[PDB]
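Following: one structure in structure tokens, then a few remarks.
Just so we're on the same page: letters track the sequence lines, and every chain starts at 1. Computed over heavy atoms, backbone and side chain alike; hydrogens, waters and symmetry mates excluded.
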Protein chains: 2
Amino acid sequence: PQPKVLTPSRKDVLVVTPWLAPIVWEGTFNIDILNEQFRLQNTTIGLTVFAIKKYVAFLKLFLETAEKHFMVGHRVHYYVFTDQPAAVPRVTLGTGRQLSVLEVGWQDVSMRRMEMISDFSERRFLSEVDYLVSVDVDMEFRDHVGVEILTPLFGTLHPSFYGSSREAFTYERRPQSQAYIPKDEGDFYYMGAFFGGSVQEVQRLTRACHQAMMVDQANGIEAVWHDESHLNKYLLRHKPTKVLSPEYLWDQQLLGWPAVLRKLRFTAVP
Amino acid sequence: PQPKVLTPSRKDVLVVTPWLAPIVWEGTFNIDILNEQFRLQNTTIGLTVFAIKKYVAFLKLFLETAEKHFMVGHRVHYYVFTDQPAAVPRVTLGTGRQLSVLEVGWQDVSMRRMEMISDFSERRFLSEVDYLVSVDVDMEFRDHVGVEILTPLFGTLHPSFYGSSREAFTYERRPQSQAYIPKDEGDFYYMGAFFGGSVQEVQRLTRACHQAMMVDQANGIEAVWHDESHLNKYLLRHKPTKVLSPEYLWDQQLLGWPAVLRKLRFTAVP
Ligand SMILES: CCCCCCO[C@@H]1O[C@H](CO)[C@H](O)[C@H](O)[C@H]1O[C@@H]1O[C@@H](C)[C@@H](O)[C@@H](O)[C@@H]1O
Ligand SMILES: CCCCCCO[C@@H]1O[C@H](CO)[C@H](O)[C@H](O)[C@H]1O[C@@H]1O[C@@H](C)[C@@H](O)[C@@H](O)[C@@H]1O
């Protein structure tokens with residue numbers, strides 16, 4: 001189809017940020033063009049997920065549905081971080097897709113995701129993949145999540161806050177925290193449950209967030225929303241090159257199916 | 001200002017291509033955010049312009065107006081390619097801005113711009129700058145042209161064709177030419193008068209267009225619109241990471257001031 005210059009791709013939502021990063025909604029991309037571009041580079045995507053304690057029960061539906069909807073036709077390597085490696089379900093994968101189990105050994109728990117993704121992103125990952133994506137396990141894919149998301153650095157608009165003014169955002173507001181964001185600053189509220197980028201940019205974001213959380217621990221402070229607060233401070237200073245709409249992170253029981261969402265792609269399990 | 005997710009930046013035009021490249025119009029960017037990002041990398045922009053035979057008369061207004069509107073506050077190096085090096089006017093430049101004169105020595109004339117930018121982009125340029133931009137001299141800046149344009153590779157929508165269907169585009173249509181584009185292919189018609197990118201991507205585009213034009217010369221064919229036809233074939237296969245709207249390349253005597261143009265930034269001299 002010919003793009004039409006004098007017809008907006010969307011009339012109801014912002015599709016580009018003020019620093020010229022695309023905000024990814026249905027209707028803004030031609031997946032066949034993008035699929036070609038990324039297949040020409042033999043793109044490999046690493047997906048990291050933590051499944052700790054009773055959350056290992058969510059892995060079966062998470063993986064089954066990732067096989068139906070996540071990066072189908074591209075190279076995918078899943079990295080499952082778990083305290084129960086023997087409890088990872090044996091899900092059959094499509095060609096070009098592999099899964100590795102990485103065993104994990106309260107503020108240390110809070111720092112775990114950034115610390116562990118940082119250590120891992122400098123090892124295995126760094127050889128094994130082009131992009132890394134971090135998501136939570138208590139979720140299911142219901143629709144396409146593909147190479148439209150890939151870029152050097154991305155965050156995802158939090159589904160509770162996309163229509164909120166910045167004063168309402170639940171940033172860390174105590175100047176004593178490394179995650180501090182003043183009341184007059186901030187572009188969006190990004191959710192900790194879906195972020196990613198190139199392996200280099202994920203190394204940088206996770207090192208910065210881990211090192212920031214350690215400084216806060218030394219000072220006796222825990223940011224209001226833990227590594228999400230540090231994610232938002234990082235993405236305020238280092239602006240993402242794409243932003244995913246809440247199509248990519250939704251809770252239907254909580255929030256229904258608003259008119260602005262043409263697809264619910266990755267959703268909370270109720 | 002807080003971006004508002006539920007308000008389109010523009011209701012009247014497409015602001016992102018189907019491969020998720022921004023189309024740059026007024027209202028789509030916050031120049032203060034972009035200026036900061038680019039100043040943090042001490043960005044240097046090379047501007048190339050050819051002024052041959054009687055076209056040297058256009059250099060005075062071109063440079064005077066570039067000093068008022070082009071990349072003010074960033075590092076700029078102008079490279080003036082001319083057969084009359086002694087006829088380049090002595091225009092006073094702002095701080096951080098320099099100008100070099102490069103002397104140039106009918107199908108060879110047609111290949112000149114791509115051949116010469118290719119040779120130059122592998123030398124001087126390659127040390128001296130982060131991005132190269134190629135424009136024509138018979139033009140004036142009337143409004144801001146800044147770092148919003150910078151990206152690995154960009155083309156500019158031709159002001160005569162932005163509202164046209166692809167069949168009407170004046171691509172090279174003879175299969176015998178390296179510039180050939182079939183009747184059912186094509187995203188936009190880009191104009192030869194304003195393109196650019198990182199030095200690496202400009203090296204690649206100019207080498208590819210020069211080598212394509214030489215193959216056509218060997219075969220006794222000249223593409224319908226010369227290096228513009230090769231530019232459009234190149235940008236069809238190697239999609240630009242930003243596209244400039246016709247704000248950036250306009251002819252007011254020919255085309256007036258349509259409602260969709262909030263600014264006329266770089267215009268033909270009548
Ligand atoms: C009854 C719970 C409704 C909470 C809505 C706000 O979501 C929470 O927002 C904070 C930041 O203010 C954190 O991001 C937190 O993780 C969010 O809660 C989780 O996500 C929402 C959408 C919903 O799925 C909750 O059940 C989750 O606990
Ligand atoms: C009376 C001239 C009107 C021509 C309009 C179309 O512009 C020309 O388009 C071809 C491709 O079809 C080339 O891009 C050519 O360089 C264009 O002409 C130049 O640009 C237009 C906008 C106008 O400024 C002309 O005077 C130029 O010759």
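Note: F120(B) and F125(B) have tilted aromatic rings, judged against thresholds of 30 and 60 degrees for the angle between ring planes. Ring orientation note: the planes of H77(B) and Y79(B) are close to parallel, at an angle under 30° on the 30°/60° scale. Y189(B) and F169(B) have tilted rings, their planes meeting at an angle from 30° to 60° on a 0 to 90° scale. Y162(B) and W250(B) have tilted rings, their planes meeting at an angle from 30° to 60° on a 0 to 90° scale. The aromatic rings of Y234(B) and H238(B) sit parallel, their planes meeting at an angle under 30°, below the 60° perpendicular limit.
More than 12 heavy atoms of other residues, nucleotides or ligands sit less than 6.0 Å from atom CD of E122(B). Annotation for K54(B): atom NZ does not count as buried by contact number, only 12 or fewer foreign heavy atoms lying within 6.0 Å. Within 6.0 Å of the CD atom in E36(B), the count of heavy atoms belonging to other residues, nucleotides or ligands does not exceed 12. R90(B) CZ: 12 or fewer foreign heavy atoms inside a 6.0 Å radius. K11(B) NZ: 12 or fewer foreign heavy atoms inside a 6.0 Å radius.
You'll find the ring centres of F70(B) and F266(B) outside the 6.0 Å limit. Between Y55(B) and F50(B), the distance from one ring center to the other does not fall under 6.0 angstrom. Checked against a 6.0 Å centroid threshold, the rings of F141(B) and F62(B) count as neighbours.
Put simply, the side chain of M114(B) does not reach to within 4.5 Å of the side chain of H230(B), judged on heavy atoms. The closest side-chain heavy-atom distance from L231(B) to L205(B) is below 4.5 Å. Annotation: side chain of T17(B) is not in contact with side chain of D187(B) (no heavy-atom distance under 4.5 Å). For the pair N30(B)/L34(B), no side-chain contact is recorded, criterion being any heavy-atom separation below 4.5 Å from C-beta on. Side-chain contact between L153(B) and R204(B): absent, with no pair of heavy atoms (C-beta onward) separated by less than 4.5 Å. With a 4.5 Å cut-off on side-chain heavy atoms, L249(B) and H158(B) do not count as touching. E172(B) places none of its side-chain heavy atoms less than 4.5 Å from the side chain of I181(B). Residues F38(B) and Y131(B) have side chains in contact (heavy-atom distance under 4.5 Å, counting atoms from C-beta outward).
Of the possible donor and acceptor atoms, one in the side chain of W25(A) sits under 3.5 Å from a partner among the backbone N and O of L14(A). At distances below 3.5 Å, at least one donor-acceptor pair connects side-chain atoms of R10(A) with backbone N or O atoms of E26(A). The backbone N or O of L261(B) sits less than 3.5 Å from a side-chain atom of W257(B), completing a donor-acceptor pair. Proximity of a side-chain donor or acceptor of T28(A) to a complementary backbone N or O of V24(A) within less than 3.5 Å is not detected. At distances below 3.5 Å, at least one donor-acceptor pair connects side-chain atoms of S177(A) with backbone N or O atoms of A179(A). The backbone N or O of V202(A) lies less than 3.5 Å from a partner atom in the side chain of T206(A), making a donor-acceptor pair. Formation of a donor-acceptor pair under 3.5 Å by the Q253(B) side chain with backbone atoms of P270(B) is not found in this model. Of the possible polar contacts, none joining the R75(B) side chain to the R97(B) backbone as a donor-acceptor pair under 3.5 Å is found. The main-chain N or O of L264(B) is never found under 3.5 Å from a side-chain atom of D143(B) such that the two would form a donor-acceptor pair. A donor-acceptor distance shorter than 3.5 angstrom exists from the side chain of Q203(A) to the backbone of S121(A), with no hydrogens or angles considered.
How far CZ of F195(B) is from CG of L235(B): 9.0 Å, rounded to the nearest 0.5 Å. Distance SG/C209(B) to CZ/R113(B): 9.5 Å, rounded to 0.5 Å. Here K242(A) contributes atom NZ and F29(A) contributes atom CZ; the two are 9.0 Å apart, rounded to the nearest 0.5 Å. Atom CG in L157(A) sits 12.0 Å away from atom CZ in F194(A) (nearest 0.5 Å). Note that CZ of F154(A) and CD of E201(A) are 12.5 Å apart. Values are rounded to the nearest 0.5 Å. Taking CG of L20(B) as the start and CD of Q37(A) as the end, the distance is 9.0 Å to the nearest 0.5 Å.
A51(B) and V56(B) get closest at one heavy-atom pair: CB-CA, 3.9 Å. Pairing each heavy atom of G163(B) with each of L6(A), the nearest pair is CA-CD1, 4.4 Å. The heavy-atom pair separating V101(B) from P85(B) by the smallest distance is CG1-CB, 3.6 Å. When all heavy atoms are compared, the tightest approach of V147(B) to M71(B) is N-SD, 3.7 Å. Residue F188(B) comes nearest to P3(A) through the heavy atom pair CZ-CG, 3.7 Å, listed as atom of the first residue, atom of the second, then distance. In terms of heavy atoms, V199(A) sits closest to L126(A) at CG1-CA, 3.7 Å.
Using modelled atom types and a 3.5 Å distance limit, the side chains of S100(B) and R124(B) yield a donor-acceptor pair. When only modelled atom types and interatomic distance are considered, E67(B) and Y78(B) share a side-chain donor-acceptor pair under 3.5 Å. For the residue pair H74(B)/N42(B), the side-chain donor-acceptor check at 3.5 Å is not satisfied. Looking at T82(B) and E103(B), their side chains never bring a donor and an acceptor atom within 3.5 Å of each other.
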Step by step, would you call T241(B) with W19(B) a side chain to side chain contact (heavy atoms under 4.5 Å, CB included)? CA-CA 9 Å; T241(B) 51; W19(B) 58 95; over 6 Å; no
For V133(A) and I45(A), what are the C-alpha separation, side-chain angles and deciding distance, and is it a side chain to side chain contact (heavy atoms under 4.5 Å, CB included)? CA-CA 7 Å; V133(A) 176; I45(A) 302 94; 4.0 Å; yes
Residue pair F58(B), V269(B): steps toward the side chain to side chain contact (heavy atoms under 4.5 Å, CB included) verdict: CA-CA 9 Å; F58(B) 290 107; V269(B) 174; 4.0 Å; yes
Please evaluate residues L99(B) and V80(B) with respect to the criterion side chain to side chain contact (heavy atoms under 4.5 Å, CB included), reporting the C-alpha separation (whole Å), side-chain torsions for both, the decisive distance (0.1 Å), and the verdict. CA-CA 7 Å; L99(B) 183 147; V80(B) 175; 3.9 Å; yes
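In terms of the side chain to side chain donor-acceptor pair (under 3.5 Å) criterion, residue partners of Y248(A) (sequence neighbours excluded) are, by chain and number, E148(A), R265(A).
A salt bridge links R123(B) to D119(B): one of the charged nitrogens lies within less than 4.0 Å of a carboxylate oxygen. A salt bridge links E64(B) with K60(B): the closest approach of a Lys/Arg side-chain nitrogen to an acidic carboxylate oxygen falls below 4.0 angstrom. Of the charged side-chain nitrogens involved, none lies within less than 4.0 Å of a carboxylate oxygen, so that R112(B) and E115(B) do not count as a salt-bridged pair. With salt bridges taken as basic N to acidic carboxylate O contacts below 4.0 Å, one links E185(B) and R237(B).
When the options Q252(B), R142(B), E247(B) are evaluated for a side-chain hydrogen bond (donor to acceptor under 3.5 Å, both in side chains) with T267(B), the one that passes is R142(B).
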